>>> print(open('start21.tsv').read())   # TSV, C-alpha atoms (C1' of nucleotides)
chain	number	residue	atom	x	y	z
A	992	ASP	CA	12.74	-75.68	-22.37
A	993	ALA	CA	9.84	-76.16	-19.96
A	994	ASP	CA	10.83	-73.65	-17.25
A	995	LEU	CA	11.96	-71.16	-19.90
A	996	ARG	CA	8.40	-71.15	-21.22
A	997	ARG	CA	7.25	-71.01	-17.59
A	998	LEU	CA	9.26	-67.75	-17.21
A	999	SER	CA	6.04	-65.75	-18.01
A	1000	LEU	CA	7.36	-63.11	-20.50
A	1001	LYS	CA	8.25	-60.41	-17.88
A	1002	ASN	CA	10.93	-62.37	-16.02
A	1003	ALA	CA	12.36	-63.55	-19.36
A	1004	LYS	CA	12.62	-59.86	-20.35
A	1005	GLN	CA	14.57	-59.18	-17.15
A	1006	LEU	CA	16.79	-62.22	-17.84
A	1007	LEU	CA	17.55	-61.00	-21.38
A	1008	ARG	CA	18.45	-57.65	-19.81
A	1009	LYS	CA	20.74	-59.49	-17.36
A	1010	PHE	CA	22.61	-61.51	-20.02
A	1011	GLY	CA	23.36	-58.42	-22.13
A	1012	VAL	CA	21.01	-59.18	-25.05
A	1013	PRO	CA	20.56	-56.01	-27.19
A	1014	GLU	CA	17.46	-53.89	-26.55
A	1015	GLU	CA	15.88	-54.62	-29.96
A	1016	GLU	CA	15.20	-58.27	-29.08
A	1017	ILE	CA	14.02	-57.22	-25.61
A	1018	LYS	CA	11.88	-54.54	-27.30
A	1019	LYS	CA	9.97	-56.68	-29.84
A	1020	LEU	CA	8.98	-59.16	-27.03
A	1021	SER	CA	7.22	-61.84	-29.02
A	1022	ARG	CA	7.32	-64.38	-26.18
A	1023	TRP	CA	8.24	-67.44	-28.28
A	1024	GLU	CA	11.12	-65.52	-29.90
A	1025	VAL	CA	12.19	-64.27	-26.44
A	1026	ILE	CA	12.28	-67.79	-25.00
A	1027	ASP	CA	14.18	-69.14	-28.04
A	1028	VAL	CA	16.73	-66.33	-27.69
A	1029	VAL	CA	17.15	-66.92	-23.94
A	1030	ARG	CA	17.57	-70.66	-24.54
A	1031	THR	CA	20.21	-69.83	-27.17
A	1032	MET	CA	21.97	-67.43	-24.77
A	1033	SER	CA	21.89	-70.02	-21.97
A	1034	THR	CA	23.45	-72.42	-24.50
A	1035	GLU	CA	26.12	-69.81	-25.35
A	1054	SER	CA	25.74	-78.64	-33.87
A	1055	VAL	CA	26.82	-80.20	-37.17
A	1056	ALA	CA	28.26	-76.91	-38.47
A	1057	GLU	CA	30.28	-76.67	-35.24
A	1058	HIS	CA	31.48	-80.27	-35.68
A	1059	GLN	CA	33.04	-79.53	-39.07
A	1060	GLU	CA	34.31	-76.12	-37.93
A	1061	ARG	CA	36.17	-77.69	-34.98
A	1062	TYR	CA	37.70	-80.14	-37.47
A	1063	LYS	CA	38.85	-77.19	-39.60
A	1064	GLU	CA	40.18	-75.35	-36.52
A	1065	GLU	CA	42.17	-78.38	-35.36
A	1066	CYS	CA	43.49	-78.94	-38.91
A	1067	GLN	CA	44.47	-75.26	-39.29
A	1068	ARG	CA	46.28	-75.06	-35.93
A	1069	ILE	CA	48.67	-77.97	-36.48
A	1070	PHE	CA	49.18	-77.04	-40.15
A	1071	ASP	CA	50.26	-73.55	-39.11
A	1072	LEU	CA	52.36	-75.02	-36.29
A	1073	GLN	CA	54.05	-77.46	-38.69
A	1074	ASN	CA	54.76	-74.55	-41.07
A	1075	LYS	CA	56.42	-72.60	-38.25
A	1076	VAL	CA	58.64	-75.33	-36.77
A	1077	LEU	CA	60.04	-76.98	-39.91
A	1078	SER	CA	60.84	-73.65	-41.60
A	1079	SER	CA	62.48	-72.11	-38.52
A	1080	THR	CA	66.26	-71.61	-38.54
A	1081	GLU	CA	66.42	-71.68	-34.72
A	1082	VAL	CA	69.45	-73.51	-33.30
A	1083	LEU	CA	68.38	-76.00	-30.64
B	1	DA	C1'	-43.36	23.40	7.63
B	2	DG	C1'	-44.53	21.04	11.56
B	3	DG	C1'	-47.71	18.35	15.11
B	4	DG	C1'	-50.22	14.34	15.06
B	5	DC	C1'	-50.78	10.13	13.37
B	6	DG	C1'	-49.14	5.56	11.33
B	7	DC	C1'	-45.65	2.22	11.78
B	8	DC	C1'	-41.55	0.07	13.54
B	9	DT	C1'	-39.23	-2.08	17.51
B	10	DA	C1'	-40.56	-6.00	22.05
B	11	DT	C1'	-43.89	-9.96	24.54
B	12	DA	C1'	-47.54	-14.59	24.66
B	13	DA	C1'	-50.51	-17.95	21.94
B	14	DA	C1'	-53.22	-20.43	18.32
B	15	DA	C1'	-54.75	-21.86	14.11
B	16	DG	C1'	-53.59	-24.25	8.95
B	17	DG	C1'	-51.74	-23.92	4.68
B	18	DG	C1'	-48.19	-22.38	1.60
B	19	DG	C1'	-43.53	-21.63	0.36
B	20	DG	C1'	-38.69	-22.01	0.88
B	21	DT	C1'	-34.52	-24.75	1.73
B	22	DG	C1'	-31.79	-28.64	2.92
B	23	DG	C1'	-31.11	-33.52	3.17
B	24	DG	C1'	-31.91	-38.17	2.03
B	25	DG	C1'	-33.50	-41.79	-0.78
B	26	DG	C1'	-34.53	-43.96	-5.01
B	27	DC	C1'	-33.79	-44.96	-9.64
B	28	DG	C1'	-31.28	-45.65	-13.82
B	29	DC	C1'	-27.20	-45.89	-16.09
B	30	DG	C1'	-22.42	-47.08	-16.92
B	31	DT	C1'	-18.47	-49.23	-15.58
B	32	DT	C1'	-15.87	-53.01	-14.05
B	33	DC	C1'	-14.99	-57.75	-13.35
B	34	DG	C1'	-15.21	-62.57	-14.39
B	35	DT	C1'	-15.72	-66.10	-17.49
B	36	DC	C1'	-15.41	-68.29	-21.84
B	37	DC	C1'	-13.53	-68.88	-26.29
B	38	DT	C1'	-9.81	-69.25	-29.47
B	39	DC	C1'	-5.08	-69.68	-31.04
B	40	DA	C1'	-0.55	-71.21	-30.54
B	41	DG	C1'	2.83	-74.05	-28.94
B	42	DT	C1'	4.59	-78.50	-26.85
B	43	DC	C1'	4.69	-83.08	-25.63
B	44	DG	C1'	3.41	-87.78	-26.14
B	45	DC	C1'	2.14	-91.73	-28.86
B	46	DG	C1'	1.84	-94.53	-32.87
B	47	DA	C1'	3.30	-95.95	-37.46
B	48	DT	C1'	6.34	-96.25	-41.08
B	49	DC	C1'	10.82	-96.31	-43.19
B	50	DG	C1'	15.74	-97.02	-43.46
B	51	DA	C1'	19.95	-99.10	-41.93
B	52	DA	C1'	22.66	-102.74	-40.16
B	53	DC	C1'	23.65	-107.48	-39.35
B	54	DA	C1'	23.63	-112.37	-40.31
B	55	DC	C1'	23.19	-116.26	-43.15
B	56	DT	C1'	23.88	-118.70	-47.46
B	57	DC	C1'	25.93	-119.72	-51.94
B	58	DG	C1'	29.40	-119.76	-55.07
B	59	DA	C1'	33.91	-119.05	-56.94
B	60	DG	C1'	38.67	-118.98	-56.72
B	61	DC	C1'	43.13	-120.43	-54.97
B	62	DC	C1'	46.38	-123.54	-52.95
B	63	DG	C1'	48.12	-127.87	-51.67
B	64	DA	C1'	48.80	-132.72	-52.35
B	65	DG	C1'	48.92	-136.79	-54.92
B	66	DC	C1'	49.67	-139.52	-59.00
B	67	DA	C1'	51.42	-140.27	-63.58
B	68	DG	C1'	54.66	-139.69	-67.27
B	69	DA	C1'	59.34	-139.13	-68.95
B	70	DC	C1'	64.29	-139.29	-68.84
B	71	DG	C1'	68.94	-140.31	-66.27
B	72	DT	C1'	71.69	-143.49	-64.23
B	73	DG	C1'	73.10	-147.60	-62.28
B	74	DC	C1'	73.03	-152.60	-62.32
B	75	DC	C1'	72.32	-157.02	-64.26
B	76	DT	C1'	71.78	-160.00	-67.94
B	77	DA	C1'	72.22	-161.67	-72.64
B	78	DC	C1'	74.28	-161.40	-77.05
B	79	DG	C1'	78.00	-160.96	-80.29
B	80	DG	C1'	82.68	-161.13	-81.43
>>> encode(input="start21.tsv", output="structure tokens")
Amino acid sequence: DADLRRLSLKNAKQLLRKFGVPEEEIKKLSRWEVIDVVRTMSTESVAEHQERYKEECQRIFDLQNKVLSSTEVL
DNA sequence: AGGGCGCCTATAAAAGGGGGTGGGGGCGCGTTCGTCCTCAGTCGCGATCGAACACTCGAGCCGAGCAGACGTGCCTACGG
């Protein structure tokens, strides 16, 4: 977070251009918002923890539905 | 209308002031730069609150022991 705020708006603008951030966020260029967006993009937690639980539950549930209903002869 | 005369051209020199023109210097103004102030954001430190663990007390459950009661076997006493 330190060096991202050391980026001195202009180089952070060029970095947001490099990552592929849309031109609206580059255009507004409030520097705190820019550095929060570039920290988020360089990251790209409790809503992900429960979503990964739901994803793991859904995968095996769908897999169990497919195997035990299949009429494939093994 | 035309000859003679006045004036222009050229040459030297001075004297002094006045006027004209070009260049430089001085003055004043505006612009630019630097510094300071203010706001926002971030990090560090201290205090307070919540959670987790440990200790203590009590209650319940299980096991063991003893006592009571009846069967059965043996011995004695009583009755025929």
>>> closest_atom_pairs(input="start21.tsv", of="chain A", to="chain B", cutoff="10 Å", atoms="all atoms listed in the file", output="JSON lines")
{"residue": "A:992", "atom": "CA", "partner": "B:42", "partner_atom": "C1'", "distance": 9.7}
{"residue": "A:993", "atom": "CA", "partner": "B:42", "partner_atom": "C1'", "distance": 9.0}
{"residue": "A:996", "atom": "CA", "partner": "B:41", "partner_atom": "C1'", "distance": 10.0}
{"residue": "A:1023", "atom": "CA", "partner": "B:41", "partner_atom": "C1'", "distance": 8.6}
>>> closest_residue(input="start21.tsv", among="A:1026, A:1064, A:1018, A:1075", to="residue A:998", atoms="only C-alpha atoms")
A:1026
>>> atom_distance(input="start21.tsv", atom1="atom CA of residue A:1021", atom2="atom CA of residue A:1004")
10.4 Å
>>> atom_distance(input="start21.tsv", atom1="atom CA of residue A:1060", atom2="atom CA of residue A:995")
29.1 Å
>>> atom_distance(input="start21.tsv", atom1="atom CA of residue A:1012", atom2="atom CA of residue A:1031")
10.9 Å
